[PDB]
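> I'd like to ask you about the structure that follows.
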Amino acid sequence: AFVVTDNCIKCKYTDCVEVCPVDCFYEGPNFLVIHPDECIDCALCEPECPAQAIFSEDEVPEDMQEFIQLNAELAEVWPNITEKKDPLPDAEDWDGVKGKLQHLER
Ligand code: SF4
Ligand code: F3S
C-alpha cells in the first residue's frame, strides 16, 4: 500500500485520484486516504501530490507512522472519491505546516 500523510490535511488537492487505476482513494472533509487492500502499489500517485504527502508504506517517515493504520481505518468508513476537485480554499496557506493531524476532520 501507499499511504496519505500529514501534509494532505487542510490542503486536499485531489490530484492523486486522477492517476489511480483502481480507484482506491476515500474522502474526508479535509483529507484523503488510500485503501491498503485495494491499492496495487503502482506508485503513480506519489509524484502527483503537490503536498508531497503520499509515501509507500515502507517509506512513511518515523514521525508519521500513525498514518498507516489511520488510512486503513478511515478507508473503511469514508466514501470513495474518483474525480479531481478544487483544492480546499486556503490550501497554499496550510501546505508545509506541520502537525496538521490535530486538525483532521472525521
Ligand atoms: S499507488 Fe497506485 S493503486 Fe495505490 S493509491 Fe497510488 S495510484 Fe492508486
Ligand atoms: S494533498 Fe491529499 S488529496 Fe491527494 S493530491 Fe495530495 S494526497
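For the C-alpha cells, the naming scheme is as follows: chains receive sequential letters (A, B, ...) according to their order of presentation, residues are indexed from 1 within each chain, and ligands are indexed from 1 in presentation order.
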Produce as a PyMOL selection string the set of residues near ligand 1, where near means within 8 Å with only C-alpha atoms and all ligand atoms considered.
chain A and resi 1-3+16-17+19-25+34-36+38-46+56
> Next, dump the selected residues to file, keeping only C-alpha atoms, as a compact mmCIF listing (two decimals), in the first residue's frame.

# COMPACT_ATOMS: atom_id res chain seq x y z
CA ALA A 1 0.00 0.00 0.00
CA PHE A 2 0.72 3.69 -0.45
CA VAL A 3 -0.33 5.98 2.42
CA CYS A 16 -3.75 11.97 -6.74
CA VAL A 17 -7.14 10.49 -7.64
CA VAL A 19 -3.91 8.83 -11.90
CA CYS A 20 -5.18 5.97 -9.71
CA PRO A 21 -6.01 2.98 -11.89
CA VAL A 22 -8.01 1.12 -9.21
CA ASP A 23 -9.92 3.98 -7.60
CA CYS A 24 -8.75 3.28 -4.06
CA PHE A 25 -8.95 6.82 -2.55
CA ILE A 34 -5.75 5.08 0.46
CA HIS A 35 -7.44 1.70 0.98
CA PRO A 36 -4.46 -0.65 1.55
CA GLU A 38 -7.28 -2.19 -2.94
CA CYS A 39 -4.03 -0.30 -3.65
CA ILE A 40 -1.81 -2.16 -6.11
CA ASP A 41 1.36 -0.18 -5.30
CA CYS A 42 1.70 1.24 -8.80
CA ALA A 43 3.30 4.39 -7.26
CA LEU A 44 1.71 6.68 -9.78
CA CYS A 45 0.04 8.93 -7.21
CA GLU A 46 3.25 9.69 -5.33
CA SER A 56 5.00 3.90 0.03
> Around ligand 2, which protein and nucleic acid residues have at least one atom no more than 12 Å from it, if we count only C-alpha atoms and all ligand atoms? List them as a PDB file with N, CA and C atoms, in the first residue's frame.

ATOM      1  N   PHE A   2       0.299   2.310  -0.609  1.00  0.00           N
ATOM      2  CA  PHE A   2       0.722   3.694  -0.450  1.00  0.00           C
ATOM      3  C   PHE A   2      -0.204   4.308   0.619  1.00  0.00           C
ATOM      4  N   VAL A   3       0.259   5.365   1.251  1.00  0.00           N
ATOM      5  CA  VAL A   3      -0.331   5.978   2.416  1.00  0.00           C
ATOM      6  C   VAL A   3      -0.316   7.509   2.298  1.00  0.00           C
ATOM      7  N   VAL A   4      -1.466   8.158   2.583  1.00  0.00           N
ATOM      8  CA  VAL A   4      -1.529   9.590   2.673  1.00  0.00           C
ATOM      9  C   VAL A   4      -1.144  10.076   4.086  1.00  0.00           C
ATOM     10  N   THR A   5      -0.259  11.052   4.192  1.00  0.00           N
ATOM     11  CA  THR A   5       0.256  11.514   5.461  1.00  0.00           C
ATOM     12  C   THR A   5      -0.095  12.971   5.745  1.00  0.00           C
ATOM     13  N   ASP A   6       0.508  13.580   6.780  1.00  0.00           N
ATOM     14  CA  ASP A   6       0.007  14.778   7.410  1.00  0.00           C
ATOM     15  C   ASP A   6      -0.234  15.962   6.505  1.00  0.00           C
ATOM     16  N   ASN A   7       0.617  16.194   5.516  1.00  0.00           N
ATOM     17  CA  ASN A   7       0.542  17.462   4.769  1.00  0.00           C
ATOM     18  C   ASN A   7      -0.691  17.538   3.889  1.00  0.00           C
ATOM     19  N   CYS A   8      -1.405  16.406   3.676  1.00  0.00           N
ATOM     20  CA  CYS A   8      -2.673  16.497   2.941  1.00  0.00           C
ATOM     21  C   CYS A   8      -3.697  17.306   3.677  1.00  0.00           C
ATOM     22  N   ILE A   9      -3.710  17.167   4.998  1.00  0.00           N
ATOM     23  CA  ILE A   9      -4.762  17.790   5.797  1.00  0.00           C
ATOM     24  C   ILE A   9      -4.821  19.295   5.618  1.00  0.00           C
ATOM     25  N   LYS A  10      -6.044  19.770   5.369  1.00  0.00           N
ATOM     26  CA  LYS A  10      -6.352  21.184   5.078  1.00  0.00           C
ATOM     27  C   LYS A  10      -5.759  21.674   3.756  1.00  0.00           C
ATOM     28  N   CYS A  11      -5.246  20.760   2.913  1.00  0.00           N
ATOM     29  CA  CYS A  11      -4.823  21.008   1.551  1.00  0.00           C
ATOM     30  C   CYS A  11      -5.733  20.229   0.580  1.00  0.00           C
ATOM     31  N   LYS A  12      -5.660  18.892   0.593  1.00  0.00           N
ATOM     32  CA  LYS A  12      -6.633  18.062  -0.141  1.00  0.00           C
ATOM     33  C   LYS A  12      -6.789  18.514  -1.588  1.00  0.00           C
ATOM     34  N   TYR A  13      -5.652  18.511  -2.293  1.00  0.00           N
ATOM     35  CA  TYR A  13      -5.605  18.982  -3.689  1.00  0.00           C
ATOM     36  C   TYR A  13      -6.404  18.095  -4.648  1.00  0.00           C
ATOM     37  N   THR A  14      -6.396  16.812  -4.388  1.00  0.00           N
ATOM     38  CA  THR A  14      -7.060  15.715  -5.083  1.00  0.00           C
ATOM     39  C   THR A  14      -6.470  15.394  -6.454  1.00  0.00           C
ATOM     40  N   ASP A  15      -5.272  15.888  -6.787  1.00  0.00           N
ATOM     41  CA  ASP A  15      -4.565  15.467  -7.987  1.00  0.00           C
ATOM     42  C   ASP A  15      -4.314  13.966  -8.044  1.00  0.00           C
ATOM     43  N   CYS A  16      -4.092  13.364  -6.871  1.00  0.00           N
ATOM     44  CA  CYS A  16      -3.746  11.968  -6.741  1.00  0.00           C
ATOM     45  C   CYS A  16      -4.806  11.047  -7.336  1.00  0.00           C
ATOM     46  N   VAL A  17      -6.087  11.396  -7.238  1.00  0.00           N
ATOM     47  CA  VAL A  17      -7.143  10.485  -7.644  1.00  0.00           C
ATOM     48  C   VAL A  17      -7.182  10.248  -9.151  1.00  0.00           C
ATOM     49  N   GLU A  18      -6.709  11.243  -9.895  1.00  0.00           N
ATOM     50  CA  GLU A  18      -6.820  11.247 -11.353  1.00  0.00           C
ATOM     51  C   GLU A  18      -5.914  10.194 -11.929  1.00  0.00           C
ATOM     52  N   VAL A  19      -4.773   9.851 -11.325  1.00  0.00           N
ATOM     53  CA  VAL A  19      -3.906   8.828 -11.895  1.00  0.00           C
ATOM     54  C   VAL A  19      -4.142   7.444 -11.312  1.00  0.00           C
ATOM     55  N   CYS A  20      -5.045   7.274 -10.348  1.00  0.00           N
ATOM     56  CA  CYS A  20      -5.184   5.969  -9.714  1.00  0.00           C
ATOM     57  C   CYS A  20      -5.935   4.983 -10.563  1.00  0.00           C
ATOM     58  N   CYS A  24      -8.817   3.686  -5.455  1.00  0.00           N
ATOM     59  CA  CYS A  24      -8.752   3.280  -4.058  1.00  0.00           C
ATOM     60  C   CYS A  24      -8.516   4.459  -3.108  1.00  0.00           C
ATOM     61  N   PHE A  25      -8.906   5.674  -3.467  1.00  0.00           N
ATOM     62  CA  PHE A  25      -8.949   6.816  -2.550  1.00  0.00           C
ATOM     63  C   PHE A  25     -10.354   7.068  -1.991  1.00  0.00           C
ATOM     64  N   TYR A  26     -10.378   7.380  -0.690  1.00  0.00           N
ATOM     65  CA  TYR A  26     -11.563   7.619   0.099  1.00  0.00           C
ATOM     66  C   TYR A  26     -11.470   8.963   0.805  1.00  0.00           C
ATOM     67  N   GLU A  27     -12.607   9.671   0.809  1.00  0.00           N
ATOM     68  CA  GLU A  27     -12.669  11.106   1.036  1.00  0.00           C
ATOM     69  C   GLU A  27     -13.252  11.518   2.381  1.00  0.00           C
ATOM     70  N   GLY A  28     -12.503  12.382   3.057  1.00  0.00           N
ATOM     71  CA  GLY A  28     -12.946  13.028   4.260  1.00  0.00           C
ATOM     72  C   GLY A  28     -13.137  14.513   3.997  1.00  0.00           C
ATOM     73  N   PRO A  29     -13.710  15.244   4.933  1.00  0.00           N
ATOM     74  CA  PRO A  29     -13.944  16.665   4.707  1.00  0.00           C
ATOM     75  C   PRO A  29     -12.687  17.455   4.425  1.00  0.00           C
ATOM     76  N   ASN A  30     -11.542  17.077   4.978  1.00  0.00           N
ATOM     77  CA  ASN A  30     -10.314  17.851   4.748  1.00  0.00           C
ATOM     78  C   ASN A  30      -9.081  16.966   4.540  1.00  0.00           C
ATOM     79  N   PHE A  31      -9.244  15.715   4.123  1.00  0.00           N
ATOM     80  CA  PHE A  31      -8.158  14.747   3.973  1.00  0.00           C
ATOM     81  C   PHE A  31      -8.621  13.605   3.070  1.00  0.00           C
ATOM     82  N   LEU A  32      -7.732  12.884   2.418  1.00  0.00           N
ATOM     83  CA  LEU A  32      -7.972  11.670   1.660  1.00  0.00           C
ATOM     84  C   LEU A  32      -7.161  10.534   2.272  1.00  0.00           C
ATOM     85  N   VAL A  33      -7.616   9.321   2.070  1.00  0.00           N
ATOM     86  CA  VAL A  33      -6.880   8.126   2.443  1.00  0.00           C
ATOM     87  C   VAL A  33      -6.888   7.076   1.326  1.00  0.00           C
ATOM     88  N   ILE A  34      -5.900   6.194   1.386  1.00  0.00           N
ATOM     89  CA  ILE A  34      -5.746   5.079   0.460  1.00  0.00           C
ATOM     90  C   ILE A  34      -6.179   3.779   1.134  1.00  0.00           C
ATOM     91  N   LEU A  44       1.913   5.572  -8.871  1.00  0.00           N
ATOM     92  CA  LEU A  44       1.711   6.682  -9.779  1.00  0.00           C
ATOM     93  C   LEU A  44       1.234   7.949  -9.099  1.00  0.00           C
ATOM     94  N   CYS A  45       0.547   7.800  -7.969  1.00  0.00           N
ATOM     95  CA  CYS A  45       0.037   8.930  -7.214  1.00  0.00           C
ATOM     96  C   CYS A  45       1.126   9.735  -6.511  1.00  0.00           C
ATOM     97  N   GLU A  46       2.231   9.076  -6.187  1.00  0.00           N
ATOM     98  CA  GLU A  46       3.248   9.687  -5.332  1.00  0.00           C
ATOM     99  C   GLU A  46       3.760  10.988  -5.948  1.00  0.00           C
ATOM    100  N   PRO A  47       4.172  11.012  -7.211  1.00  0.00           N
ATOM    101  CA  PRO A  47       4.646  12.286  -7.768  1.00  0.00           C
ATOM    102  C   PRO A  47       3.550  13.291  -8.082  1.00  0.00           C
ATOM    103  N   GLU A  48       2.278  12.912  -8.060  1.00  0.00           N
ATOM    104  CA  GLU A  48       1.218  13.837  -8.467  1.00  0.00           C
ATOM    105  C   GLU A  48       0.778  14.743  -7.317  1.00  0.00           C
ATOM    106  N   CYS A  49       1.043  14.361  -6.061  1.00  0.00           N
ATOM    107  CA  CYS A  49       0.536  15.140  -4.935  1.00  0.00           C
ATOM    108  C   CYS A  49       1.331  16.420  -4.710  1.00  0.00           C
ATOM    109  N   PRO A  50       0.751  17.588  -4.860  1.00  0.00           N
ATOM    110  CA  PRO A  50       1.528  18.819  -4.662  1.00  0.00           C
ATOM    111  C   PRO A  50       2.008  19.004  -3.223  1.00  0.00           C
ATOM    112  N   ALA A  51       1.312  18.361  -2.309  1.00  0.00           N
ATOM    113  CA  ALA A  51       1.670  18.437  -0.870  1.00  0.00           C
ATOM    114  C   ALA A  51       2.817  17.468  -0.564  1.00  0.00           C
ATOM    115  N   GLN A  52       3.223  16.601  -1.517  1.00  0.00           N
ATOM    116  CA  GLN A  52       4.211  15.553  -1.287  1.00  0.00           C
ATOM    117  C   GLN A  52       3.832  14.729  -0.057  1.00  0.00           C
ATOM    118  N   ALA A  53       2.522  14.495   0.128  1.00  0.00           N
ATOM    119  CA  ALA A  53       2.025  13.805   1.304  1.00  0.00           C
ATOM    120  C   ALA A  53       1.947  12.281   1.213  1.00  0.00           C
ATOM    121  N   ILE A  54       2.075  11.768  -0.003  1.00  0.00           N
ATOM    122  CA  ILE A  54       1.966  10.325  -0.217  1.00  0.00           C
ATOM    123  C   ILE A  54       3.293   9.595  -0.161  1.00  0.00           C
ATOM    124  N   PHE A  55       3.348   8.482   0.544  1.00  0.00           N
ATOM    125  CA  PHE A  55       4.526   7.617   0.681  1.00  0.00           C
ATOM    126  C   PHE A  55       4.128   6.142   0.482  1.00  0.00           C
ATOM    127  N   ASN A  71      -5.052   5.443   7.661  1.00  0.00           N
ATOM    128  CA  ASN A  71      -5.566   5.245   6.316  1.00  0.00           C
ATOM    129  C   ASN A  71      -6.396   3.967   6.253  1.00  0.00           C
ATOM    130  N   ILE A  81     -13.730   8.474  -3.623  1.00  0.00           N
ATOM    131  CA  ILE A  81     -13.587   9.651  -4.465  1.00  0.00           C
ATOM    132  C   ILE A  81     -12.757   9.257  -5.698  1.00  0.00           C
ATOM    133  N   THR A  82     -13.313   9.576  -6.869  1.00  0.00           N
ATOM    134  CA  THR A  82     -12.667   9.155  -8.103  1.00  0.00           C
ATOM    135  C   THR A  82     -12.454  10.267  -9.124  1.00  0.00           C
ATOM    136  N   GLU A  83     -12.873  11.492  -8.805  1.00  0.00           N
ATOM    137  CA  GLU A  83     -12.661  12.627  -9.707  1.00  0.00           C
ATOM    138  C   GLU A  83     -11.971  13.754  -8.943  1.00  0.00           C
ATOM    139  N   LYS A  84     -11.066  14.444  -9.595  1.00  0.00           N
ATOM    140  CA  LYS A  84     -10.449  15.671  -9.115  1.00  0.00           C
ATOM    141  C   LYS A  84     -11.522  16.685  -8.741  1.00  0.00           C
ATOM    142  N   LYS A  85     -11.249  17.439  -7.687  1.00  0.00           N
ATOM    143  CA  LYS A  85     -11.985  18.650  -7.388  1.00  0.00           C
ATOM    144  C   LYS A  85     -11.036  19.781  -6.989  1.00  0.00           C
ATOM    145  N   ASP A  86     -11.609  20.981  -6.897  1.00  0.00           N
ATOM    146  CA  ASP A  86     -10.798  22.121  -6.458  1.00  0.00           C
ATOM    147  C   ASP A  86     -10.131  21.824  -5.125  1.00  0.00           C
ATOM    148  N   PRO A  87      -8.889  22.245  -4.938  1.00  0.00           N
ATOM    149  CA  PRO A  87      -8.311  22.164  -3.598  1.00  0.00           C
ATOM    150  C   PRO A  87      -9.134  22.956  -2.592  1.00  0.00           C
ATOM    151  N   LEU A  88      -8.917  22.640  -1.321  1.00  0.00           N
ATOM    152  CA  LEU A  88      -9.517  23.441  -0.258  1.00  0.00           C
ATOM    153  C   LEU A  88      -9.051  24.879  -0.413  1.00  0.00           C
ATOM    154  N   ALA A  91      -5.538  26.219   0.803  1.00  0.00           N
ATOM    155  CA  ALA A  91      -4.557  25.143   0.749  1.00  0.00           C
ATOM    156  C   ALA A  91      -3.119  25.645   0.765  1.00  0.00           C
ATOM    157  N   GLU A  92      -2.802  26.720   0.051  1.00  0.00           N
ATOM    158  CA  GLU A  92      -1.419  27.181  -0.030  1.00  0.00           C
ATOM    159  C   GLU A  92      -0.953  27.620   1.354  1.00  0.00           C
ATOM    160  N   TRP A  94      -1.736  26.297   4.186  1.00  0.00           N
ATOM    161  CA  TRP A  94      -1.530  25.129   5.041  1.00  0.00           C
ATOM    162  C   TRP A  94      -0.484  24.147   4.529  1.00  0.00           C
ATOM    163  N   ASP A  95      -0.113  24.256   3.258  1.00  0.00           N
ATOM    164  CA  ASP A  95       0.867  23.350   2.669  1.00  0.00           C
ATOM    165  C   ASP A  95       2.239  23.615   3.281  1.00  0.00           C
ATOM    166  N   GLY A  96       2.752  22.635   4.008  1.00  0.00           N
ATOM    167  CA  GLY A  96       4.052  22.714   4.669  1.00  0.00           C
ATOM    168  C   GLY A  96       3.957  22.988   6.166  1.00  0.00           C
TER     169      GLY A  96
END
> Which residue is closest to residue A:77? Choose from A:93, A:37, A:106, A:58 and count only C-alpha atoms.
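That would be A:106, the residue with the smallest distance to residue A:77.
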> Mind pulling up the distance from atom CA of residue A:98 to atom CA of residue A:76?
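It comes out at 25.9 Å.
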> What does the distance from atom CA of residue A:105 to atom CA of residue A:74 come to in Å, to one decimal?
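About the pair atom CA of residue A:105 and atom CA of residue A:74: they are 11.0 Å apart.
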> Expressed in Å to a single decimal, how great is the separation between atom CA of residue A:90 and atom CA of residue A:61?
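Going from atom CA of residue A:90 over to atom CA of residue A:61, I get 25.3 Å.
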> DSSP on the backbone, then: every residue of chain A marked helix (DSSP H, G or I), written as JSON, numbers by chain.
{"A": [6, 7, 8, 15, 16, 17, 18, 19, 46, 47, 48, 57, 58, 59, 62, 63, 64, 66, 67, 68, 69, 70, 71, 72, 73, 74, 75, 76, 77, 91, 92, 93, 94, 100, 101, 102, 103]}
> Using N, CA, C and O atoms, can you write the selected residues to a file as a short mmCIF file (atom, residue, chain, number, x, y, z; two decimals), in the first residue's frame?

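Result saved to result.cif:
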data_model
loop_
_atom_site.label_atom_id
_atom_site.label_comp_id
_atom_site.auth_asym_id
_atom_site.auth_seq_id
_atom_site.Cartn_x
_atom_site.Cartn_y
_atom_site.Cartn_z
N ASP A 6 0.51 13.58 6.78
CA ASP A 6 0.01 14.78 7.41
C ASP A 6 -0.23 15.96 6.50
O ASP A 6 -1.22 16.67 6.73
N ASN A 7 0.62 16.19 5.52
CA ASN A 7 0.54 17.46 4.77
C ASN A 7 -0.69 17.54 3.89
O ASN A 7 -0.99 18.62 3.37
N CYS A 8 -1.41 16.41 3.68
CA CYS A 8 -2.67 16.50 2.94
C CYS A 8 -3.70 17.31 3.68
O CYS A 8 -4.54 17.98 3.06
N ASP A 15 -5.27 15.89 -6.79
CA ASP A 15 -4.56 15.47 -7.99
C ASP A 15 -4.31 13.97 -8.04
O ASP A 15 -4.25 13.37 -9.14
N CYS A 16 -4.09 13.36 -6.87
CA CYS A 16 -3.75 11.97 -6.74
C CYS A 16 -4.81 11.05 -7.34
O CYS A 16 -4.49 10.05 -7.98
N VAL A 17 -6.09 11.40 -7.24
CA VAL A 17 -7.14 10.49 -7.64
C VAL A 17 -7.18 10.25 -9.15
O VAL A 17 -7.59 9.21 -9.68
N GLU A 18 -6.71 11.24 -9.90
CA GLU A 18 -6.82 11.25 -11.35
C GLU A 18 -5.91 10.19 -11.93
O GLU A 18 -6.25 9.66 -13.00
N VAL A 19 -4.77 9.85 -11.32
CA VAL A 19 -3.91 8.83 -11.90
C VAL A 19 -4.14 7.44 -11.31
O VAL A 19 -3.47 6.49 -11.76
N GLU A 46 2.23 9.08 -6.19
CA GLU A 46 3.25 9.69 -5.33
C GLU A 46 3.76 10.99 -5.95
O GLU A 46 3.82 12.02 -5.23
N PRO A 47 4.17 11.01 -7.21
CA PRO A 47 4.65 12.29 -7.77
C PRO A 47 3.55 13.29 -8.08
O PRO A 47 3.90 14.42 -8.42
N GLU A 48 2.28 12.91 -8.06
CA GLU A 48 1.22 13.84 -8.47
C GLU A 48 0.78 14.74 -7.32
O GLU A 48 0.14 15.80 -7.52
N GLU A 57 4.08 2.60 1.92
CA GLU A 57 4.03 2.24 3.36
C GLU A 57 5.41 2.10 3.99
O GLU A 57 5.65 2.62 5.09
N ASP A 58 6.34 1.46 3.30
CA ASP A 58 7.65 1.14 3.82
C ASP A 58 8.56 2.36 3.85
O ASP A 58 9.71 2.22 4.31
N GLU A 59 8.08 3.50 3.37
CA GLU A 59 8.82 4.75 3.40
C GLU A 59 8.20 5.89 4.21
O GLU A 59 8.68 7.03 4.25
N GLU A 62 9.26 8.25 10.20
CA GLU A 62 9.02 7.76 11.56
C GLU A 62 7.97 8.57 12.31
O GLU A 62 7.20 7.93 13.03
N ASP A 63 7.98 9.88 12.17
CA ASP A 63 7.08 10.77 12.88
C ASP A 63 5.68 10.81 12.30
O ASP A 63 4.82 11.55 12.84
N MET A 64 5.42 10.00 11.26
CA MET A 64 4.08 9.90 10.65
C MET A 64 3.56 8.48 10.53
O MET A 64 2.59 8.18 9.84
N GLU A 66 1.70 6.68 12.43
CA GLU A 66 0.29 6.57 12.82
C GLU A 66 -0.60 6.67 11.60
O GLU A 66 -1.72 6.14 11.62
N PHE A 67 -0.15 7.33 10.55
CA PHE A 67 -0.98 7.49 9.34
C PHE A 67 -1.22 6.15 8.66
O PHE A 67 -2.21 6.03 7.90
N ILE A 68 -0.35 5.16 8.83
CA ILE A 68 -0.58 3.88 8.14
C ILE A 68 -1.87 3.23 8.60
O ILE A 68 -2.76 2.97 7.79
N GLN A 69 -2.03 3.05 9.91
CA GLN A 69 -3.27 2.46 10.41
C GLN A 69 -4.45 3.38 10.17
O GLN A 69 -5.54 2.96 9.87
N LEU A 70 -4.24 4.68 10.31
CA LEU A 70 -5.30 5.67 10.12
C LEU A 70 -5.87 5.60 8.70
O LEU A 70 -7.10 5.64 8.53
N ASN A 71 -5.05 5.44 7.66
CA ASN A 71 -5.57 5.25 6.32
C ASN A 71 -6.40 3.97 6.25
O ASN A 71 -7.50 3.99 5.68
N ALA A 72 -5.88 2.87 6.82
CA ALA A 72 -6.63 1.59 6.78
C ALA A 72 -8.00 1.70 7.43
O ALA A 72 -8.99 1.18 6.95
N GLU A 73 -8.11 2.41 8.55
CA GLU A 73 -9.30 2.60 9.32
C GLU A 73 -10.30 3.49 8.60
O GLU A 73 -11.47 3.19 8.45
N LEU A 74 -9.84 4.65 8.16
CA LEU A 74 -10.78 5.59 7.54
C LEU A 74 -11.24 5.15 6.17
O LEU A 74 -12.33 5.51 5.71
N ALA A 75 -10.42 4.34 5.48
CA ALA A 75 -10.83 3.82 4.18
C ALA A 75 -12.07 2.93 4.29
O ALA A 75 -12.74 2.71 3.28
N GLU A 76 -12.33 2.36 5.46
CA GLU A 76 -13.50 1.51 5.62
C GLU A 76 -14.79 2.29 5.77
O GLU A 76 -15.87 1.72 5.61
N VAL A 77 -14.66 3.55 6.21
CA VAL A 77 -15.79 4.35 6.66
C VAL A 77 -16.12 5.52 5.75
O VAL A 77 -17.24 6.01 5.70
N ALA A 91 -5.54 26.22 0.80
CA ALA A 91 -4.56 25.14 0.75
C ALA A 91 -3.12 25.65 0.76
O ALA A 91 -2.30 25.05 1.47
N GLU A 92 -2.80 26.72 0.05
CA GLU A 92 -1.42 27.18 -0.03
C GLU A 92 -0.95 27.62 1.35
O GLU A 92 0.20 27.36 1.69
N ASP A 93 -1.88 28.19 2.14
CA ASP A 93 -1.57 28.63 3.50
C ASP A 93 -1.14 27.47 4.41
O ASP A 93 -0.34 27.64 5.34
N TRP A 94 -1.74 26.30 4.19
CA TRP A 94 -1.53 25.13 5.04
C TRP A 94 -0.48 24.15 4.53
O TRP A 94 -0.04 23.29 5.29
N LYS A 100 -0.53 18.83 11.33
CA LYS A 100 -1.90 19.11 10.97
C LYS A 100 -2.87 17.99 11.37
O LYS A 100 -4.09 18.14 11.31
N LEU A 101 -2.34 16.87 11.88
CA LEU A 101 -3.19 15.80 12.40
C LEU A 101 -4.19 16.33 13.42
O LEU A 101 -5.33 15.89 13.52
N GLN A 102 -3.75 17.34 14.18
CA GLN A 102 -4.65 17.95 15.15
C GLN A 102 -5.92 18.52 14.54
O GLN A 102 -6.87 18.82 15.24
N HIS A 103 -5.89 18.84 13.26
CA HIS A 103 -6.99 19.47 12.52
C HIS A 103 -7.81 18.47 11.71
O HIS A 103 -8.73 18.90 11.01
#
